[PDB]
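Below is one structure, written out as structure tokens, with a few remarks after it.
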Number of protein chains: 6
Amino acid sequence: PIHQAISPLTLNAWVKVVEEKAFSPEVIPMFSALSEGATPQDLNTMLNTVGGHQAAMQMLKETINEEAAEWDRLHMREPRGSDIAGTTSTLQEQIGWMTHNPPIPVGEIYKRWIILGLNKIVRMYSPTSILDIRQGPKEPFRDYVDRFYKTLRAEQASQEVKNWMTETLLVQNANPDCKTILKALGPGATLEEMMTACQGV
Amino acid sequence: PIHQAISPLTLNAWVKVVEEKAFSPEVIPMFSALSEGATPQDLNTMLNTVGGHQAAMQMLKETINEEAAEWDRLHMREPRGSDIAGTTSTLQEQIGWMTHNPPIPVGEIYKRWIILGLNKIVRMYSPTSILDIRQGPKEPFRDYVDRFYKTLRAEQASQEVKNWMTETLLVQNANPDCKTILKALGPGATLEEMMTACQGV
Amino acid sequence: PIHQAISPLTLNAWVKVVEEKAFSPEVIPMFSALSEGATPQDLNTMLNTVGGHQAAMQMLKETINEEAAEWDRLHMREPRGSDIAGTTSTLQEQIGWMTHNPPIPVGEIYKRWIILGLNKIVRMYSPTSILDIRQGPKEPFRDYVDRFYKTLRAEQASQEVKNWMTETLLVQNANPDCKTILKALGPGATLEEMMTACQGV
Amino acid sequence: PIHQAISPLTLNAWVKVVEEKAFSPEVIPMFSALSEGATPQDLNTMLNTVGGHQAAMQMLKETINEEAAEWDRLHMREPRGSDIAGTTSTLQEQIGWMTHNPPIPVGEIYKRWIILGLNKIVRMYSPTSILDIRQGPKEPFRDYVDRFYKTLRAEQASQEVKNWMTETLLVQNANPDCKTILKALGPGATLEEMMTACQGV
Amino acid sequence: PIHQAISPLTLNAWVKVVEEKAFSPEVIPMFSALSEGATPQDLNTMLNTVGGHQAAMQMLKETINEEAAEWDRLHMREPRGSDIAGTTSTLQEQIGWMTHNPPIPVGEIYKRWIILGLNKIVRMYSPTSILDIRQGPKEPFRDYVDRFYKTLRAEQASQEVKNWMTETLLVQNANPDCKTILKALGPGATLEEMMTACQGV
Amino acid sequence: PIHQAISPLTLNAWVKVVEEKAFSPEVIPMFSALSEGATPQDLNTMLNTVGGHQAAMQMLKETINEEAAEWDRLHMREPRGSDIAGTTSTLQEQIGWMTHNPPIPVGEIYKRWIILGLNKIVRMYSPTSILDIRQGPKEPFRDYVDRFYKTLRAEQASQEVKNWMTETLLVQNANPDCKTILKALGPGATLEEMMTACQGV
């Protein structure tokens, strides 16, 4: 990235993460950490290298096409949608644009589109919905909380709904004894206080 | 590549990929990502190192000979076919040509020929044809789509035929229940909509 | 860190340590050794990458919110709490602040907050309390001391209480024979003297 | 090589290749790719490090002696055979010669001699001769071609004989059905055409 | 060390050595080879990272306290004991002292103290004393010598006592036949002569 | 070496080779390839790190003492034996001597002494003598030659004796059939000719 060719120690890491972690919600920060300040011709190389999950990678290409069309409708030379995707642009043109004054972050825009696509694909790949997660009969409370939040991390929503869900839904799905202990704890109890009060059981 | 010798951490990676991934359609982007801005005398070293699959590597040499003959018929000194292949050229001559003003991308041309050869060899190595891929009796729809597109990726064709194949052939090979659900969904349904509507079954 | 992107050889190491060592008390120095002189936008990348233990990572985010609120109440432009956390700041603004004269160590402050959060989370994750650790019937004294101190390392307290605990509590929980040998050794005996006197048994 | 000492990441790779791949015909390009622009005092270090196969490495030393004697008979100071082999020369003398104007490629000459020796040793290590390779009763044609060419790669001969062997001998050793299909295909059929016509069986 | 942060490829190596080799007498040279010209704030990071063996690492801290107290009693600004240990000093102060003219080797002093502590801890961790090592009934003489010297390496003593022990004690503990052969060899026999004379048995 | 500290990627390689390869005759070139242009204070670090084989490493120290005494008897300031060994010299003095004009290769001398010691130790560690190596009843001739030369490599002797041994002793120990075939081949037969004539059996 920003010129020098992308090192094989990065492509192998990206391929290995996608192969092993599947599309768990932690793939998105890994993608944004591996490719920093990269031209679109590097994200394309980073995306085509993924061996399996071609059906879920075409869906990411559909999303790229939609965003490119929206930018093209909205709008050196003018950067159009097919130029942001890096499929109708030369390496010299992109590097000159990224080093121009003022610079146009074509790579940054493509990275943002990929992040949107990855958010949507991971959202679909979530196994089950939050309302289906229920506390087990004999299960440590730390395990239950660390499963509930892992499920909630995949879904994305506005802070008002999520804040309501974390505060109230969590205490609703507990077993009778844990529900009584949470109720006895009372309102305004932070997560640490809830877990440390109910850690004995 | 562009002068410095190619690092062993790249030859080992290229050999290991070809040995393990065989000629799955993801080998082509890996080849184009490992060797960037490389002289033809580096692609030759990257090709001879492949241990097995010598029959499919001679076919890549036949394709190189055909393309070299076509360029020689079409046409410092003049770059002929035997000079593009790097077998009748000196390292000093190639480096001088690649640093000359204007530069002649002899390495780029050889890389393009190898990409054409790799496309043809992978096309032959595809196990079965698209029309043979049929949905199973009890099989998740995501699995079926991610097998159908993996098979379709190997074949290369014009966008008009492929667009027709992806839109219509996919809905033709489904089982009666999935075919009914797809038909009830109606025209203009994108891939994400099809999969999310039929994900319940 | 301090500009250049964080190498993947560091993110993989941090993820692997947290995955394997869990939250044993040695994670805190590992975290402070991996990220030196790093902008807050690097600690965020280092924290989001952790796959599991999301419940214990949200608690670290609650602690970050509390510390950010306290700083905001206490107080280029003024660095507020949401700016220290790196969620409402640009990379250019942070780098300029960290290279400004005089420099404001926003990254250092965030690192200190994370260290406080990590201390609290590890303190909670300690399996059992010191008073529950008792010497076994037939157990080497070195093993007993190296289990007692490992348990005591997780708990953090003022030096006066800890000095009292190490000097007196250690000799209180021994078996009758080891208690007699420690008493025969007498006051002012350092740890090495205690272990080398009682190493025979 | 060209001054800096040879990195251990190269000696380990060379030792591991020779240990694992034995003397398969792909060792020669690996040797020519690992040591580029290297002084003779580096090839000697790269040759002595090989643990096993000392009998086949002495034969490479016999070949070096023969070539050195021929050069000595044929012919700063004059580079003689014992000087090309690097056993009677100082590092300063070799580096000065390799940086002199005009430079004498003593390292290149030694590398060429080693390549000749390696060609001869691999030729001897070939398991069986081409005429012994016969198509099996029930064997895929791709497997047969990829075994026939692997055997033919070890033997080295003039292009006229090899071209005759590849065109005619290949179609002679086939089974009756494959021989009939090849004959029905007719003259001028390239390797790809032969394999794709007979791939069905 | 001497400014740049310590690479993770060194902390992992140090942790892995201490975890695997335990406190065998070869840990001391490994510690002195990993950290060269390092500030005290790097040795502290290298010491806290050790996961297990906390009891034997507190003893190393007791030794550090003793040496720091002795230096403080013995004695920019004056470097006191709590300043040598790096717990009451800033990174800027230490770097300035280590780059000052004349430079004060605070890091070197801390390294020497750690070496003294490591010598003492390894001395305690030695399994058995030299006088307990006896030659077996049917045991190769090379094995016996290579066990005797490994035990003697852990103990540290003045050269006069050790020279007496190596010359005389070694020949005292042999079996009757080996004792007769050693006696027949006579005085002034070096170790190589003893082993090569008695290697037949 | 020549100033910068020795990388841990070299110490680990040296320790791993000595641990695995034991003292096979290929350890000597590995030692001379790992440490090039190194000060004596680096060879000492490279020697002390070896975990096992302390008996055979003390013998290398005895040899160092003998060579140091001989140099001291034979003879900035004068480099004496205890100064060549690096045990009574400062790093500044050695670096200044190695960068002085004219430079004194104290490191080179120590390296040569270690090579002499390693030759002697490997010579002792050879399992059996050449005269004990006999051809088996049913054994491939290549295997026999590659065992005979491996044994002969450990022993070091003048070229006149070794040339006599390779030419005549090799043909003396063969079985009757191979002895007849070698005799029928006649005088002046090189190793390759002998092996290729007798390779059929």
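Quick reminder, even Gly has a Cβ in these numbers, built from the backbone with ideal geometry, and neighbours come from all protein chains shown. Read-outs: derived from the displayed coordinates by stated rules, not from any lab.
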Just to be sure I understand: chains C and E are related by a rotation, so which residue of C has its Cβ closest to that axis, and how close in Å?
C:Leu9, 8
Paramagnetic reach from F:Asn48 (point 7 Å along Cα→Cβ, amide N under 19 Å) across region F:111-126
F:111, F:114
Along Cα→Cβ at 7 Å, what distances in nm separate the C:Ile115 label point from those on the other copies, shortest first?
2.9, 2.9, 5.1, 5.1, 5.9
Let's see if you can work this out: charge +1 on each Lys and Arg Cβ, -1 on each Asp and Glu Cβ, no other charges. What is the dipole magnitude of region E:8-125 about its Cα centre, in debye to the nearest 20?
160
Residues of B:44-54, mean number of Cβ from any other protein chain within 10 Å of their own Cβ, rounded to a whole number?
5
Treating the beta-carbon of each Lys and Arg as +1 and of each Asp and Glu as -1, no other charges, what is the dipole magnitude of chain F about its Cα centre, to the nearest 20 debye?
380
Here the alpha-carbon Rg of region A:130-197 over 2.2 N^0.38 Å rounds to 1.07
Dipole magnitude of region F:130-197 about its Cα centre, charges +1 at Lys/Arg Cβ and -1 at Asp/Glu Cβ only, in debye to the nearest 20?
140
Where Rh denotes the Kirkwood radius from the mean inverse Cα pair distance, what is Rg over Rh for region E:14-78?
1.02
Hey, rough spin-label estimate for A:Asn163 and A:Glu193, points 7 angstrom out along Cα→Cβ, what's it come to in nanometres?
1.7
For B:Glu155, place a label point 7 Å from Cα along the Cα-to-Cβ direction in every copy; what are the distances to the other copies, in nm, shortest first?
4.1, 4.1, 7.2, 7.2, 8.3
Excluding residues on the same chain fewer than 8 positions from F:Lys179, give the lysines whose Cα lies under 22 Å from its Cα.
F:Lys138, F:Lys150, F:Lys162
By the gyration tensor of its Cα atoms, with a ≥ b ≥ c the square roots of the eigenvalues, what is the shape of region E:45-167: rounded for a/c under 1.5, prolate for a/b over b/c, or oblate?
prolate
Calculated from DSSP helices alone, with each H run of at least 4 adding -39500 (n - 2.57) and the total divided by the residues of chain F, [θ]222 nm to the nearest 500 comes to -18500 deg cm²/dmol
Could you tell me the center-to-center distance, by alpha carbons, between region B:90-153 and region C:34-61 in angstrom?
39
In whole Hz, the Karplus estimates of ³J(HN,Hα) for region C:132-143 (6.51, -1.76, 1.60; θ = phi - 60°; x where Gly or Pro) are 7, 6, 10, 5, x, x, 10, 8, x, 5, 4, 4
Going by a ≥ b ≥ c, the root eigenvalues of the Cα gyration tensor, does the protein assembly as shown fall in the rounded group (a/c under 1.5), the prolate group (a/b larger than b/c) or the oblate group?
oblate
So which of A:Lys21/A:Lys111; A:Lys120/C:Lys21; D:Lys111/F:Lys111 end up more than 25 Å apart by C-alpha?
A:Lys120/C:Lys21; D:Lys111/F:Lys111
Cβ-based charge dipole, region E:130-197, positive-most Cα from E:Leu169, E:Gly136, E:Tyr149:
E:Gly136
Inter-copy spacing of D:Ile2 label points, which lie 7 Å from Cα along Cα→Cβ, given in nm from shortest upward
2.3, 2.3, 4.0, 4.0, 4.6
